[PDB]
Amino acid sequence: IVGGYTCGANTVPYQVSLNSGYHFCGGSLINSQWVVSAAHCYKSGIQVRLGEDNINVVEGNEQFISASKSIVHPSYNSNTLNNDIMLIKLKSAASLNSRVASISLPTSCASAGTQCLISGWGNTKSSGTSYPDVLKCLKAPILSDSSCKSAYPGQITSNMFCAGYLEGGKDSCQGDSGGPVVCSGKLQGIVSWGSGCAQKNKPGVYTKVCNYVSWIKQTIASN
Ligand SMILES: [Ca+2]
């Protein structure tokens with residue numbers, strides 16, 4: 001996250017870190033045994049780390065649970081990043097409490113102008129690289145689909161939305177992928193892509209979670 005703020009320990013209780021020896025992507029806990037992330041974060045050997053603040057220090061609220069299965073969206077296209085969503089099942093259910101909690105799926109799609117919370121452990125610089133260790137947060141509005149398409153001609157599908165600031169300076173970034181965009185207490189987006197980070201006229205692009213609620217529910221019900 002570039003241009004954000006330190007969230008505070010366990011203030012984003014649905015945020016998870018996906019670990020394969022190291023943090024590589026975010027995700028969102030949506031029930032005691034399932035995480036939503038980006039399909040472009042897929043790999044084998046995932047350990048889901050819940051209750052994290054500093055990802056390099058054991059601070060006392062962590063739960064580390066290996067994944068038993070991953071399910072990339074059936075129509076994910078890695079070239080266009082259309083349908084950039086995947087589900088990860090935990091081998092055992094997480095213990096839910098104030099500091100480790102699921103986030104609700106949306107009942108309806110958000111609108112442009114709504115403020116959301118974006119979070120992650122990704123790069124905090126637009127130029128160069130610095131990874132923060134504690135969780136970072138950014139409040140940002142969803143942008144109009146016309147603004148989004150104008151920023152990224154020929155690239156924005158109905159399964160994507162832009163959020164952030166056209167002026168630059170505030171955005172998600174490398175290492176935030178797969179993490180949450182939460183608006184009015186519901187998971188509306190997944191950190192997906194963008195051209196660089198926090199550049200002028202290049203806002204963040206996010207997977208539009210409300211389009212996937214039926215798929216998510218059905219998939220969980222049979223897996
Ligand atoms: Ca920790």
# chains A, B, ... in the order shown; residues from 1 in each chain; ligands from 1
$ closest_atom_pairs --of "chain A" --to "ligand 1" --cutoff "9 Å" --atoms "only C-alpha atoms and all ligand atoms" --output "tab-separated table"
residue	atom	partner	partner_atom_place_in_ligand_line	distance
A:49	CA	ligand 1	1 (Ca)	8.6
A:50	CA	ligand 1	1 (Ca)	8.9
A:51	CA	ligand 1	1 (Ca)	7.5
A:52	CA	ligand 1	1 (Ca)	4.7
A:53	CA	ligand 1	1 (Ca)	5.4
A:54	CA	ligand 1	1 (Ca)	4.5
A:55	CA	ligand 1	1 (Ca)	4.3
A:56	CA	ligand 1	1 (Ca)	5.7
A:57	CA	ligand 1	1 (Ca)	4.4
A:58	CA	ligand 1	1 (Ca)	4.1
A:59	CA	ligand 1	1 (Ca)	5.1
A:60	CA	ligand 1	1 (Ca)	7.3
A:61	CA	ligand 1	1 (Ca)	7.6
A:62	CA	ligand 1	1 (Ca)	6.2
A:133	CA	ligand 1	1 (Ca)	8.8
A:134	CA	ligand 1	1 (Ca)	8.4
$ write_last_selection --atoms "N, CA, C and O atoms" --output "PDB file, in the first residue's frame"
ATOM      1  N   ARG A  49      -2.085 -17.538   6.908  1.00  0.00           N
ATOM      2  CA  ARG A  49      -1.719 -16.948   8.179  1.00  0.00           C
ATOM      3  C   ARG A  49      -2.750 -15.886   8.565  1.00  0.00           C
ATOM      4  O   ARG A  49      -2.891 -14.848   7.911  1.00  0.00           O
ATOM      5  N   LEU A  50      -3.505 -16.217   9.611  1.00  0.00           N
ATOM      6  CA  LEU A  50      -4.572 -15.384  10.153  1.00  0.00           C
ATOM      7  C   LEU A  50      -4.071 -14.695  11.413  1.00  0.00           C
ATOM      8  O   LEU A  50      -3.111 -15.149  12.046  1.00  0.00           O
ATOM      9  N   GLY A  51      -4.723 -13.604  11.800  1.00  0.00           N
ATOM     10  CA  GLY A  51      -4.375 -12.924  13.035  1.00  0.00           C
ATOM     11  C   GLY A  51      -3.037 -12.201  13.012  1.00  0.00           C
ATOM     12  O   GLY A  51      -2.487 -11.910  14.059  1.00  0.00           O
ATOM     13  N   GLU A  52      -2.529 -11.921  11.818  1.00  0.00           N
ATOM     14  CA  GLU A  52      -1.228 -11.264  11.656  1.00  0.00           C
ATOM     15  C   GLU A  52      -1.301  -9.762  11.776  1.00  0.00           C
ATOM     16  O   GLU A  52      -2.208  -9.133  11.232  1.00  0.00           O
ATOM     17  N   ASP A  53      -0.269  -9.183  12.402  1.00  0.00           N
ATOM     18  CA  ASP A  53       0.067  -7.782  12.214  1.00  0.00           C
ATOM     19  C   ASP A  53       1.480  -7.727  11.641  1.00  0.00           C
ATOM     20  O   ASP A  53       1.635  -7.636  10.431  1.00  0.00           O
ATOM     21  N   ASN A  54       2.508  -7.834  12.463  1.00  0.00           N
ATOM     22  CA  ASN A  54       3.864  -7.923  11.947  1.00  0.00           C
ATOM     23  C   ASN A  54       4.076  -9.337  11.391  1.00  0.00           C
ATOM     24  O   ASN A  54       4.053 -10.301  12.150  1.00  0.00           O
ATOM     25  N   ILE A  55       4.264  -9.481  10.085  1.00  0.00           N
ATOM     26  CA  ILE A  55       4.395 -10.814   9.472  1.00  0.00           C
ATOM     27  C   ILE A  55       5.752 -11.465   9.714  1.00  0.00           C
ATOM     28  O   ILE A  55       5.942 -12.633   9.360  1.00  0.00           O
ATOM     29  N   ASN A  56       6.687 -10.740  10.335  1.00  0.00           N
ATOM     30  CA  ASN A  56       8.006 -11.271  10.657  1.00  0.00           C
ATOM     31  C   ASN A  56       8.244 -11.529  12.132  1.00  0.00           C
ATOM     32  O   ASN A  56       9.332 -11.985  12.484  1.00  0.00           O
ATOM     33  N   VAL A  57       7.237 -11.304  12.982  1.00  0.00           N
ATOM     34  CA  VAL A  57       7.355 -11.519  14.418  1.00  0.00           C
ATOM     35  C   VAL A  57       6.112 -12.236  14.912  1.00  0.00           C
ATOM     36  O   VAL A  57       5.006 -11.832  14.573  1.00  0.00           O
ATOM     37  N   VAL A  58       6.280 -13.274  15.719  1.00  0.00           N
ATOM     38  CA  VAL A  58       5.137 -13.926  16.351  1.00  0.00           C
ATOM     39  C   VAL A  58       4.718 -13.068  17.537  1.00  0.00           C
ATOM     40  O   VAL A  58       5.482 -12.886  18.479  1.00  0.00           O
ATOM     41  N   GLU A  59       3.518 -12.499  17.447  1.00  0.00           N
ATOM     42  CA  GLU A  59       3.025 -11.517  18.405  1.00  0.00           C
ATOM     43  C   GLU A  59       1.913 -12.035  19.301  1.00  0.00           C
ATOM     44  O   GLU A  59       1.602 -11.385  20.283  1.00  0.00           O
ATOM     45  N   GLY A  60       1.325 -13.185  19.006  1.00  0.00           N
ATOM     46  CA  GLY A  60       0.413 -13.847  19.930  1.00  0.00           C
ATOM     47  C   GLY A  60      -1.005 -14.094  19.468  1.00  0.00           C
ATOM     48  O   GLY A  60      -1.748 -14.799  20.159  1.00  0.00           O
ATOM     49  N   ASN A  61      -1.411 -13.539  18.326  1.00  0.00           N
ATOM     50  CA  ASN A  61      -2.764 -13.784  17.826  1.00  0.00           C
ATOM     51  C   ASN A  61      -2.833 -14.569  16.519  1.00  0.00           C
ATOM     52  O   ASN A  61      -3.916 -14.735  15.932  1.00  0.00           O
ATOM     53  N   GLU A  62      -1.696 -15.095  16.080  1.00  0.00           N
ATOM     54  CA  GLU A  62      -1.644 -15.810  14.828  1.00  0.00           C
ATOM     55  C   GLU A  62      -2.326 -17.168  14.873  1.00  0.00           C
ATOM     56  O   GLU A  62      -2.301 -17.862  15.884  1.00  0.00           O
ATOM     57  N   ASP A 133       6.252  -4.866   6.764  1.00  0.00           N
ATOM     58  CA  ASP A 133       6.151  -5.793   7.922  1.00  0.00           C
ATOM     59  C   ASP A 133       4.797  -5.740   8.690  1.00  0.00           C
ATOM     60  O   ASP A 133       4.183  -6.796   8.860  1.00  0.00           O
ATOM     61  N   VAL A 134       4.338  -4.562   9.157  1.00  0.00           N
ATOM     62  CA  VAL A 134       2.991  -4.456   9.731  1.00  0.00           C
ATOM     63  C   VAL A 134       1.957  -4.098   8.668  1.00  0.00           C
ATOM     64  O   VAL A 134       2.287  -3.599   7.593  1.00  0.00           O
TER      65      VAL A 134
END
$ select_by_dssp --residues "segment 28-215 of chain A" --states "helix (DSSP H, G or I)" --output "VMD selection string"
chain A and resid 39 to 41 145 to 151 209 to 215
$ write_last_selection --atoms "C-alpha atoms" --output "mmCIF file, in the first residue's frame"
data_model
loop_
_atom_site.group_PDB
_atom_site.id
_atom_site.type_symbol
_atom_site.label_atom_id
_atom_site.label_comp_id
_atom_site.auth_asym_id
_atom_site.auth_seq_id
_atom_site.Cartn_x
_atom_site.Cartn_y
_atom_site.Cartn_z
ATOM 1 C CA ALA A 39 -6.414 -16.224 -9.076
ATOM 2 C CA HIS A 40 -3.088 -14.697 -10.080
ATOM 3 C CA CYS A 41 -1.904 -15.558 -6.533
ATOM 4 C CA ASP A 145 -16.567 2.877 -14.804
ATOM 5 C CA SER A 146 -16.127 5.679 -17.400
ATOM 6 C CA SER A 147 -13.077 7.039 -15.514
ATOM 7 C CA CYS A 148 -11.752 3.492 -15.126
ATOM 8 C CA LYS A 149 -12.089 2.714 -18.848
ATOM 9 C CA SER A 150 -10.565 6.042 -19.796
ATOM 10 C CA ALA A 151 -7.528 5.255 -17.617
ATOM 11 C CA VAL A 209 -16.653 -9.610 -5.945
ATOM 12 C CA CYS A 210 -20.416 -9.059 -6.175
ATOM 13 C CA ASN A 211 -20.388 -10.818 -9.572
ATOM 14 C CA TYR A 212 -19.021 -13.993 -7.944
ATOM 15 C CA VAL A 213 -21.261 -14.493 -4.899
ATOM 16 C CA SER A 214 -23.266 -17.310 -6.525
ATOM 17 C CA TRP A 215 -20.087 -19.091 -7.616
#
$ residues_around --residues "segment 176-179 of chain A" --least-positions-apart "3" --cutoff "10 Å" --atoms "only C-alpha atoms" --output "PyMOL selection string"
chain A and resi 1+14-18+23-29+35-42+84-86+118-124+136+171-173+182+187+189-193+206-207
$ atom_distance --atom1 "atom CA of residue 93 of chain A" --atom2 "atom CA of residue 32 of chain A"
5.0 Å
$ closest_residue --among "A:78, A:83, A:70, A:95" --to "residue 158 of chain A" --atoms "only C-alpha atoms"
A:83
$ closest_residue --among "A:9, A:205, A:96, A:101" --to "residue 159 of chain A" --atoms "only C-alpha atoms"
A:205
$ select_by_dssp --residues "segment 21-145 of chain A" --states "strand (DSSP E)" --output "PyMOL selection string"
chain A and resi 23-31+34-37+47-50+63-72+86-90+115-120+136-141
$ atom_distance --atom1 "atom CA of residue 223 of chain A" --atom2 "atom CA of residue 77 of chain A"
22.7 Å
$ residues_around --residues "residue 115 of chain A" --least-positions-apart "4" --cutoff "10 Å" --atoms "only C-alpha atoms" --output "list in words"
residues 110, 111, 139, 140, 141, 142, 143, 163, 164, 181, 182, 183 and 184 of chain A
$ atom_distance --atom1 "atom CA of residue 43 of chain A" --atom2 "atom CA of residue 68 of chain A"
12.3 Å
$ closest_residue --among "A:130, A:33, A:79, A:135" --to "residue 92 of chain A" --atoms "only C-alpha atoms"
A:33
$ closest_residue --among "A:113, A:128, A:170, A:4" --to "residue 144 of chain A" --atoms "only C-alpha atoms"
A:113
